[PDB]
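Analysis of the macromolecular model
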Amino acid sequence: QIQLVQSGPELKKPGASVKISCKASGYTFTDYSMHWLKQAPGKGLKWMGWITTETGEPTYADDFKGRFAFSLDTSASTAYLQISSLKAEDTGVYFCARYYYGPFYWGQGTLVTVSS
Amino acid sequence: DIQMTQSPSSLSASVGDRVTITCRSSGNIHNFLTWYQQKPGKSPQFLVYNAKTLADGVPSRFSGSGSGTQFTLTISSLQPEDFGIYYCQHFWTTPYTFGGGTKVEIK
Amino acid sequence: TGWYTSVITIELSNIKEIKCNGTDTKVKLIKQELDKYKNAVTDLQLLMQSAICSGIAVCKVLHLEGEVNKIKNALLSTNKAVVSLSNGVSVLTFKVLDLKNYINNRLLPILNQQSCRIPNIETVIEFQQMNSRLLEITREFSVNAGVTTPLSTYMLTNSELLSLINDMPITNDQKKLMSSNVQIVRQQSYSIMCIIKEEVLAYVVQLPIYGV
């Protein structure tokens, strides 16, 4: 009965910002950290990093540094993803995930569309 | 970084076939593998806990076997309700990397 | 001459305060036990925030993101399985007490998922006897500030101490010296509290290796 509810699609411009929220209801939010998983357009899946929902210190993969920052508000049980200094392949689908007994438990899809 | 690959990137089986999907790894992962079944336009649900344990709510037709640097996912008998893109992802250590993705088609 | 750091885990659930308004004594007994259990969990969490250097090194390996879920994956159907750490160190892993299984399955459905009505005093005493070990583990950890010696019965019983002797990387003649001297291999053992993360309480037990 663990549920991870995410935001909806957004349509932005190169240089704008996108604010994606991920609300985790069904467990004590402090225990499990939040993992973010970017899907490339048509390609496989990428793993950026995790944000610890107890302390708040994020860690990123070597490919996802410079423009991506994780944040959360532990009182509201939500996880935030802000993308700044946008470009034209940041497009795709973004997931928030937590550890199950082994593999991940995935949220829904918040498609990000970059126009011109 | 342990990098994973899948040999049958494009698989097209019939309605009663027994197929095998395999992965390799640049490094050694001790029986730490899971398989995701991403439907087209939805979220990927896992099927296997560790490389030899089907997940709860997953049909027993799905089964995996292997350890070290060679794994395999086996479908006992395909059914029309199961079609999508399959990814195998190690969780031994960070960063986690997924496979190339096997698009199980229908013959 | 050498230690052998095992990992002992307990499945600890987290239950919010039950909004039951019950005047029955059996409901109040279970509520008192649950308030003692939640206070034990809270006090255990409050603790975390030389012969122990070999057990602290495993406490910090479990501090990494992606090491406690692998320990859960291995025990997912076995009470005693061997796992691999990030350093390649093989550490025996043991699951002694399943308090999450009892609380989520037997207590919560008839207390908080619906209006409270408990029909049995047997489950009140049965909960009191299994939750009792958790309260004792907290009492030896809070007094001793996380490091307990000599190794007690509550941490590791005699039945589950001979299991981590026949499963050790030693000869069959060194498992004869330690299986016949259980009361001496308990005064030379330790117990280090490691973490309460992802609904799992884990502590490390350092049984000695007698190579001479």
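Residues numbered from 1 in each chain as written, not as in the entry; some residues may be left out. Chains lettered and ligands numbered in written order. Heavy atoms only, no water.

Method information in the entry identifies cryo-EM as the source of the structure, with 3.32 Å recorded as the resolution.

Description of the overall build of chain C
A count of helical and extended segments in chain C gives 7 helices and 5 strands. Seen in sequence order, chain C has helices and strands lined up from the N terminus as β-α-α-α-β-β-α-α-α-α-β-β. With 212 residues in all, chain C has 50% of them scored as buried. With the model as given, the accessible surface of chain C reaches about 10200 Å², and the carbon-plus-sulfur share is 50%. Across chain C, the 21 positively charged side chains and the 18 negatively charged ones have centroids separated by 2 Å. (Helix = DSSP H or I, 4+ residues; strand = E, 2+ residues; numbered from the N terminus. Buried < 20%, exposed > 50% of the residue type's maximum accessible area, 1.4 Å probe, protein only. Areas by Shrake-Rupley, 256 points an atom, 1.4 Å probe, with all protein chains shown as cover. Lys, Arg positive; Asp, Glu negative; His and termini not counted. Charge placed at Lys NZ, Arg CZ, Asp CG, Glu CD.)

Details of the interface of chain A and chain B
You'll often see interface size given as the accessible area lost when the parts meet. Residue-level contacts link 16 residues of chain A with 16 residues of chain B. Interface of chain A and chain B: buried area, both sides summed, is about 1400 Å²; carbon and sulfur atoms make up 69% of it. Here chain A is connected to chain B by 0 salt bridges. On inspection of chain A and its partner chain B, the count reaches 4 residue pairs in polar contact. (Contact = heavy atoms within 4.5 Å. Buried area = accessible area lost by both parts, 1.4 Å probe. Salt bridge = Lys/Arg side-chain N within 4 Å of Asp/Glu carboxyl O. Polar contact = N/O pair within 3.5 Å; in protein donor to acceptor, adjacent residues only side chain to side chain.)

Quick word on the interface of chain B and chain C
On the chain C side, the residues contacting the 8 residues of chain B number 8 residues. Buried surface at the junction of chain B and chain C, summed over both partners, amounts to about 730 Å²; 54% is from carbon and sulfur atoms. Remark: the boundary between chain B and chain C carries 1 residue pair in polar contact. For the side of chain B that touches chain C, the class distribution of residues is 5 nonpolar, 3 polar and no charged. (Nonpolar A, V, L, I, M, F, W, Y, C, P; charged D, E, K, R; others polar.)

Some words on the layout of surface pockets
Taken as a whole, the largest pocket holds about 1400 Å³ of empty space. Lining the largest pocket are 47 residues, and of these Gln-1, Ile-2, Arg-98, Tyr-100 and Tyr-101 of chain A sit closest to its centre. Here the lining of the largest pocket gets 4 residues from one element, more than from any other, and that element is helix 4 (residues 99–111) of chain C. (1 Å grid on protein atoms, 1.4 Å probe; cavity = no way out; pocket = protein on both sides within 12 Å on 5 of 7 lines; lining within 4 Å. Points joined across faces, edges and corners; volume = space filled by probe spheres on them.)

Regarding the nonpolar core
With 49 residues, the main nonpolar core has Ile-8, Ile-10, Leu-12, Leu-201 and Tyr-203 of chain C as its most contacted residues. Put simply, the parts of the chain that give this core at least two residues each are strand 1 (2–11), helix 1 (25–48), strand 3 (90–98), helix 4, helix 5 (122–144), helix 6 (163–166), strand 4 (191–196) and strand 5 (200–209) of chain C. The next biggest cluster of nonpolar side chains, apart from the first, holds 43 residues, and it includes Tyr-36, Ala-55, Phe-91 and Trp-92 of chain B. (Core = buried A, V, L, I, M, F, W, Y, C linked by side-chain atoms within 4.5 Å.)

Some remarks on the state of the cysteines
Inspection of the entire model under this criterion finds 4 disulfides over all chains. One disulfide bridge connects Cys-22 of chain A with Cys-96 of chain A, the sulfur atoms lying 2.0 Å from each other. For the disulfide bridge between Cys-22 of chain A and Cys-96 of chain A, the dihedral angle about the S-S bond is near 80 degrees, and by the sign convention the bridge is right-handed. Note that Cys-22 of chain A is positioned in strand 3 (residues 18–25) and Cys-96 of chain A in strand 9 (residues 92–99), a separation of 74 residues in sequence. Each member of the pair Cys-22 of chain A and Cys-96 of chain A is classed as buried. Through a disulfide, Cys-20 of chain C is tied to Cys-116 of chain C; the S-S separation comes to 2.0 Å. What sets the handedness of the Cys-20 of chain C and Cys-116 of chain C disulfide is the S-S torsion sign, and at about 70 degrees it is right-handed. Summarising the burial analysis for this pair, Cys-20 of chain C and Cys-116 of chain C share the class buried. (Disulfide = S-S within 2.5 Å.)

Re the pattern of salt bridges
Taken as a whole and assessed by the stated rule, the structure comprises 10 salt bridges over all chains. Among the ionic pairs, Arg-61 of chain B bridges to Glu-81 of chain B, the shortest N-O distance being 3.2 Å. With a gap of 20 residues between them, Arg-61 of chain B in the loop between strand 5 (44–46) and strand 6 (62–67) and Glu-81 of chain B in the loop between strand 7 (70–75) and strand 8 (85–90) connect regions that are remote in the sequence. Residue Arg-61 of chain B is classed as partly exposed on the basis of its relative accessible area of 24%. On the basis of relative accessible area, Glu-81 of chain B is assigned to the partly exposed category, the value being 45%. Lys-100 of chain C is the salt-bridge partner of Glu-11 of chain C, the closest N and O atoms lying 3.2 Å from each other. Among the ionic contacts, a cluster of salt bridges with common partners joins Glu-11, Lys-100 and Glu-199 of chain C.

Focus on the side chain of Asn-50 of chain B
Along the chain, the position of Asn-50 of chain B falls in the loop between strand 5 and strand 6. Engagement of the side chain of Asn-50 of chain B in a polar contact is seen with the side chain of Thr-53 of chain B, the distance being 2.8 Å. With residues near it in sequence (within four places) discarded, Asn-50 of chain B still touches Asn-31 and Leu-33 of chain B together with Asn-73 of chain C.

A few points about a nonpolar patch on the surface
Among the surface-exposed residues, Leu-29, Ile-121 and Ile-125 of chain C lie close enough to one another that they form a single nonpolar patch of about 230 Å² accessible area. With respect to the secondary-structure elements, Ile-121 of chain C resides in the loop between helix 4 and helix 5. (Patch = residues over 30% accessible without salt bridge, like charges linked within 9 Å, V, L, I, M, F, W, Y side chains within 5 Å.)

Describing the packing of aromatic side chains
Residues and elements named next belong to chain A. The tally for this structure, following the rule as stated, stands at 25 aromatic pairs over all chains. For the ring pair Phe-95 and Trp-106, a centre distance of 5.4 Å and an interplane angle of 75 degrees mean the geometry is edge-to-face. Here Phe-95, found in strand 9, pairs with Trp-106, found in strand 10 (residues 104–106); they are 11 residues apart in sequence, far enough to count as distant. Owing to a relative accessible area of 1%, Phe-95 belongs among the buried residues under this scheme. (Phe/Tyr/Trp six-rings, centres within 6.5 Å; stacked < 30°, edge-to-face > 60°.)

Section: the environment of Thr-138 of chain C
Residues and elements named next belong to chain C. Mapped onto the elements, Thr-138 comes out in helix 5. Residue class for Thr-138 comes out buried when judged on its relative accessible area of 6%. Within polar-contact distance, the side chain of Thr-138 engages the backbone oxygen of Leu-134 at 2.7 Å.

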